[PDB]
Q: 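Below you will find the structure I want to go over with you.
Numbering starts at 1 and runs along the sequence shown.
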Amino acid sequence: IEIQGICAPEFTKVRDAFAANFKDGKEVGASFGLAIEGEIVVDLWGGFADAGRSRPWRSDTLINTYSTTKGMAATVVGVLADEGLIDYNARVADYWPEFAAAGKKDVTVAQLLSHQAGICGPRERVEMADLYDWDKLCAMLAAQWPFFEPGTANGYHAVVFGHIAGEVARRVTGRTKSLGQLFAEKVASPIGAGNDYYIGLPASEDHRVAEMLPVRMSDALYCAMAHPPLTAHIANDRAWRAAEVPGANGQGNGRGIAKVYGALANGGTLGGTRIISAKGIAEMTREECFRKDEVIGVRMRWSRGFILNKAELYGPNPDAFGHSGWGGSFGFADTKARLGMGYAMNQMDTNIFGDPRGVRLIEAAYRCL
């Protein structure tokens with residue numbers, strides 16, 4: 001297939017790598033973005049939005065990005081912390097009093113955001129409709145007894161991360177806006193990414209969505225994976241896309257992702273508009289822990305919401321940060337090279353981070369520097 005979009009001359013290799021992933025049959029449809037020093041310099045897409053290869057991927061095509069969304073949610077908290085509304089060292093219960101229930105009165109915001117609160121998933125079996133009821137799910141989580149002692153371990157809050165992070169965000173802004181609207185107003189819209197990444201997709205935009213394509217447990221792992229179990233299929237359901245499930249249901253593309261991480265990699269600015277101070281970025285990316293994860297099963301290096309680089313997952317800068325999603329999407333920022341990168345596609349592969357397609361794109365990108 002023929003690659004569409006724009007690519008600065010010095011980044012031609014990246015374009016080639018992108019195209020290469022199609023030639024090897026590893027893609028159906030995909031989008032990719034790369035920002036350098038506060039400007040988008042690569043903006044590419046290709047292939048098809050559907051399994052039948054009858055509808056080409058377009059510039060404004062959207063796809064579910066799964067846990068790539070967690071990075072977006074973390075950015076909201078970061079921005080709010082940068083404005084002085086949230087103290088990472090403060091107790092969650094200072095902002096969210098009900099959260100103090102069942103052993104969590106001393107859990108800090110930094111611990112909640114680094115998956116150390118121990119409420120990795122709902123203890124009781126939940127329906128998808130339950131996921132869509134924000135206040136009810138949040139009330140349930142605040143009342144829940146942790147699977148492990150808070151601060152003594154990390155266990156990936158695989159689905160509910162967006163709700164707990166987001167509810168803190170909503171509480172310090174007086175519950176006047178949903179987490180999706182806070183992301184729209186404070187992160188995406190100012191830098192012009194508001195049309196390329198949504199948490200809670202408006203009906204008017206739903207025609208843009210491409211089709212998602214599929215390829216003993218402790219109490220914590222089991223609840224994080226079974227309550228409820230996520231599938232490729234659910235991404236293709238309108239109710240899922242319409243809801244706000246900020247751990248997993250972001251609708252976006254490579255350009256939107258790359259714009260947000262592009263701002264973050266450039267000290268908080270993209271195309272002359274600032275969404276956050278550099279101090280704010282430093283504070284939201286402080287390493288909180290580096291331990292074998294109770295849910296993921298490997299050593300995770302967690303900051304206040306972002307995955308910190310390990311084994312060159314996010315390139316050669318050891319302090320690069322970002323988040324990846326089930327199937328292969330990802331985004332990350334590198335403040336040294338002032339580089340932000342985004343990638344979103346509809347053909348899933350078996351991984352939750354470190355897809356080969358991404359490895360290729362990352363290597364190509366850093367050859368051009």
Side-chain angles (χ1 to χ4, degrees), residues 2-22 26-27 29-47 57-63 65 68 71-72 75 187-188 191-197 250 252-273 275 281 306-307 309 312-317 319-325 328-346 353-369:
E2 179 67 11
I3 300 306
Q4 307 284 293
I6 301 169
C7 184
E10 60 273 24
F11 286 102
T12 303
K13 292 175 206 299
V14 181
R15 184 182 188 290
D16 295 339
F18 189 65
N21 283 329
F22 286 89
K26 288 191 163 192
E27 291 281 26
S31 65
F32 175 83
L34 179 72
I36 298 290
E37 293 184 16
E39 302 294 348
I40 292 290
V41 297
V42 183
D43 179 8
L44 301 171
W45 62 95
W57 192 287
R58 303 182 58 158
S59 61
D60 65 348
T61 293
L62 303 164
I63 196 60
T65 60
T68 300
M72 305 302 180
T75 297
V187 176
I191 57 181
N195 60 320
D196 280 326
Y197 204 99
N253 50 45
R255 182 169 50 248
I257 299 169
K259 279 181 183 187
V260 179
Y261 279 109
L264 298 183
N266 193 44
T269 306
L270 198 280
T273 297
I275 55 171
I281 293 166
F306 296 93
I307 298 173
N309 203 2
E312 300 209 330
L313 172 64
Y314 294 144
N317 178 7
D319 292 335
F321 63 93
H323 222 289
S324 307
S329 70
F330 68 93
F332 72 90
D334 173 350
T335 67
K336 295 191 174 76
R338 291 166 67 197
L339 176 152
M341 183 181 311
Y343 172 58
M345 81 301 315
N346 64 344
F353 53 80
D355 194 292
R357 299 171 283 183
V359 175
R360 190 175 212 160
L361 291 164
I362 289 167
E363 200 203 314
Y366 278 93
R367 274 191 54 190
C368 298
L369 301 178

Q: Near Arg58 CZ, under 6.0 Å, is it more than 12 heavy atoms from other residues, nucleotides or ligands?
A: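 Counting neighbours around CZ of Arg58, 12 or fewer heavy atoms of other residues, nucleotides or ligands fall under 6.0 Å, so no.
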Q: Is a side-chain donor or acceptor of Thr12 paired with a backbone partner of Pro9 at a separation under 3.5 angstrom?
A: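 Between the backbone of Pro9 and the side chain of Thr12 there is a qualifying donor-acceptor contact (under 3.5 Å).
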Q: Got a donor-acceptor contact below 3.5 angstrom from the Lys259 side chain to the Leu270 backbone?
A: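 Not a single qualifying donor-acceptor pair exists.
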Q: Could you tell me which non-hydrogen atom of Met345 sits nearest to which non-hydrogen atom of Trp57, and how far apart they are?
A: CA-CH2, 4.3 Å
Q: Side chains of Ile3 and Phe22, heavy atoms from C-beta outward: is any pair under 4.5 Å?
A: yes
Q: Assess, by modelled atom type and distance only, whether the side chains of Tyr314 and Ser324 contain a donor and an acceptor separated by less than 3.5 Å.
A: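 On atom types as modelled, these side chains qualify, holding a pair under 3.5 Å.
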Q: Evaluate the side-chain proximity of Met341 to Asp334: yes if any heavy-atom separation is below 4.5 Å, no if none is.
A: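 Answer no - side chains too far apart.
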Q: Show the nearest heavy-atom pair for residues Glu27 and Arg357, with the distance to one decimal.
A: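 Nearest pair, atom of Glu27 first, then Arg357: OE1-NH1, 2.9 Å.
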Q: Do the side chains of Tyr366 and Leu339 get nearer than 4.5 Å, heavy atoms only?
A: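 Side chain of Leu339 against side chain of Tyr366, heavy atoms only: contact under 4.5 Å found.
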Q: Check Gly271 against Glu39 and note the closest heavy-atom contact, atom names and distance.
A: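 Smallest heavy-atom distance, with atoms named: CA-OE2, 3.5 Å.
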Q: Which pair of heavy atoms, one from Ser329 and one from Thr68, lies closest together, and at what distance?
A: OG-OG1, 2.7 Å
Q: Can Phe330 and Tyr261 be said to form a side chain to side chain contact (heavy atoms under 4.5 Å, CB included), step by step?
A: CA-CA 11 Å; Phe330 68 93; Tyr261 279 109; over 6 Å; no
Q: Nearest 0.5 Å please: distance from the CG atom of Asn253 over to the CG atom of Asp60.
A: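 If I round to the nearest 0.5 Å, the distance is 8.0 Å.
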Q: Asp43 side chain to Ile6 main-chain N or O, any donor-acceptor pair under 3.5 Å?
A: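 A pair under 3.5 Å: no.
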Q: Between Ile275 and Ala263, which heavy-atom pair has the shortest distance, and what is it?
A: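 It is CD1-CB, 4.0 Å.
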Q: Quick one: pull up CZ in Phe306 and OG1 in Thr75 and give me the separation to the nearest 0.5 Å.
A: 3.5 Å
Q: Measure across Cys7 and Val42 and return the closest heavy-atom pair with its distance rounded to 0.1 Å.
A: SG-CG2, 4.1 Å
Q: Answer yes or no: is there a side-chain heavy-atom contact under 4.5 Å between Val187 and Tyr197?
A: no
Q: Tell me whether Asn309 contacts the main-chain N or O of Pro316 through its side chain, where contact means a donor paired with an acceptor under 3.5 Å.
A: no
Q: Decide yes or no for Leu361 and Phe32: does some side-chain heavy atom of the first lie under 4.5 Å from some side-chain heavy atom of the second?
A: yes
Q: Closer than 4.0 angstrom, basic N to acidic O: yes or no for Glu10 and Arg15?
A: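 Result for this pair is no, no salt bridge flagged.
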Q: Has the side chain of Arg255 got a donor or acceptor atom that lies under 3.5 Å from a matching backbone atom of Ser59?
A: yes
Q: Less than 4.5 Å apart, side chain to side chain, heavy atoms only: is that true for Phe321 and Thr335?
A: yes
Q: Is there side-chain contact between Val260 and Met72, with at least one heavy-atom pair below 4.5 Å?
A: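 Yes; the side chains approach each other to less than 4.5 Å.
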Q: Donor-acceptor pair, distance only, cut-off 3.5 Å: does the side chain of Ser31 make one with the backbone of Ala344?
A: yes
Q: Should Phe11 and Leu34 count as side-chain neighbours, where that means a heavy-atom distance under 4.5 Å?
A: yes
Q: Between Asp16 and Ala19, is there a donor-acceptor pair closer than 3.5 Å when you use the side chain of the first and the backbone of the second?
A: no
